[PDB]
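To begin, one chain is listed below as structure tokens, in the form deposited without cyclic guanosine monophosphate.
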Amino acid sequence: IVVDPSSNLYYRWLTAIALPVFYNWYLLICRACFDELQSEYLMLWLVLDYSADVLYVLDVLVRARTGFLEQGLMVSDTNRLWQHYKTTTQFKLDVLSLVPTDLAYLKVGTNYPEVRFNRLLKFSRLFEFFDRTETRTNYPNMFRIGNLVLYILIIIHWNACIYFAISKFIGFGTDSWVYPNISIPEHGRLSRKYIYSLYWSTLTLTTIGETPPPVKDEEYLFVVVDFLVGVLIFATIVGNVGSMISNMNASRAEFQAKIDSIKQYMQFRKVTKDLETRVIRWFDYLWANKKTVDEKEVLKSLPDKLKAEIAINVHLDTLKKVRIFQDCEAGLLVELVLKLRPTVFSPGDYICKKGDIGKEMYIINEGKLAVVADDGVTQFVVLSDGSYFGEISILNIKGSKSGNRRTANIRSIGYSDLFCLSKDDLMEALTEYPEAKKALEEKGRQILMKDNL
């Protein structure tokens, strides 16, 4: 069996191995420095450390049989997977994480879990879980503040244990700076030890600093180093939250910059205020209906196969019901749905009046148009979704009775989203299909000689 890393089973294993790594970091520094968790709940930590090492040897078995990409294909033979794993420096960190330092439990007698700090060497599975969760989730900023909160809680916890170990090494209650005398039953509880050390490290590493001041030189030096580490921690939190806030409303700032630039253009060029409130109402519609991005530059970073497949999946079954394109070739229709252009029309906007040059074909999507009667509000017929017009104006039939004119006044009743096939885009799509061009011209000539040629 070969697990490939892009799957969901690899992510479920990344969760199942990120649990004992975070357990190893957090509770191994707490059991190393606090010395009553290790004494009291000893069989609980033996069961949890045994299950964590079972998950660690299962992780080195999974990393021996996980896939990788050469030439775009996932490698599926276990000999090459094991050779690619054993030539990696991550295999050295995994086998250094799996050394039995618990044999040192036979010498020092199980109260020293600092021998298991080699189990902290598998940090990369936790970082890989955070990266894969940051890609897989749909709340990246909420996960990023949760990950930053988890990182600074790890540093607050580690500095709590480091302060308790320094106050144990100097001596409990010998100074005003250190943790108090643990022979007193108020300070001697494990709850009071951990929660006051967490309070100390949170007052020190967030630069608030109302702790009792140091008296000895080691305590002064540790508080200087811990204050500089806390200043860098506060700068890291401020920079991460500030960049995340600037990423959360980059689209709102860019759209407000576009709105203010077009507003400065409209007060500079002395546009009349009916058109100014029409442009402001269209921008209010564009932000309220979440169509704020332009699809021409949205679909640019995709490759041409995915752009062509997306243009097939939106436009091609709508284009196949167009009466000139009912029997065209398939690659011609792929080129034509790549040549389609979206346009949004306001209510009351004329798509075409009677007598304009017909050089585009409009396919109605998400709209309702009306063939109004000669600068009037009276309507002959209403068009709907999926309909089309202007199809014979772009074909350029020789001897047309109309002569590429519209012969219809068409207004938009509500907000429309029409798809525009221009005449020049149709001709450059019909460059490499000349027989389809002759079939299109003959079909348009047949429709016109049915009506008026």
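Superpose the two forms; the largest set of C-alphas matching within 1.5 Å is the rigid core. A residue's number is simply how far along the shown sequence it sits, counting from 1.
* Asked: Do a third or more of the other compared entries leave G239 out of the model?
  -> Residue status for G239: no gap in any other entry.
* **Check: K107 without coordinates in a third or more of other entries** => Yes.
We do not show the form solved in complex with cyclic guanosine monophosphate, though everything after this point is about it.
* **Segment assignment from 66 to 74, 24 to 32, 407 to 415, 49 to 57: heavy atom within 4.5 Å of cyclic guanosine monophosphate in the deposited bound form** => Of the stretches listed, the one contacting the partner is 407 to 415.
* Evaluate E391 for contact with cyclic guanosine monophosphate in the deposited bound form, applying a 4.5 angstroms cut-off between non-hydrogen atoms, and reply yes or no. => Contact check for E391: yes, within 4.5 Å of cyclic guanosine monophosphate in the deposited bound form.
* Mark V3 yes when one of its heavy atoms lies within 4.5 Å of a heavy atom of cyclic guanosine monophosphate in the deposited bound form, and no otherwise. => Contact check for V3: no, nothing within 4.5 Å of cyclic guanosine monophosphate in the deposited bound form.
* **Within 4.5 Å of cyclic guanosine monophosphate in the deposited bound form: residues from 432 to 452 (heavy atom criterion)** => Read in sequence order, the residues that approach cyclic guanosine monophosphate (within 4.5 Å, in the deposited bound form) are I447, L448, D451.
* **Rigid-core fit between the shown form and the other one, the member of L198, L150, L190, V271 whose C-alpha shifts 2 angstroms or more** => It is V271.
* Asked: Honestly, after the rigid core fit, is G230 moving at least 2 Å at Cα between the shown form and the other one?
  -> Not so; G230 is displaced by less than 2 Å.
* State yes or no: after fitting on the rigid core, is the Cα displacement of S51 between the shown form and the other one at least 2 Å? => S51: C-alpha displaced by less than 2 Å between the shown form and the other one.
* To do: Tell me, please, whether between the shown form and the other one the C-alpha of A436 is shifted by 2 Å or more, with the rigid core used for superposition.
  => It does, since the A436 C-alpha is displaced 2 Å or more between the shown form and the other one after the core fit.
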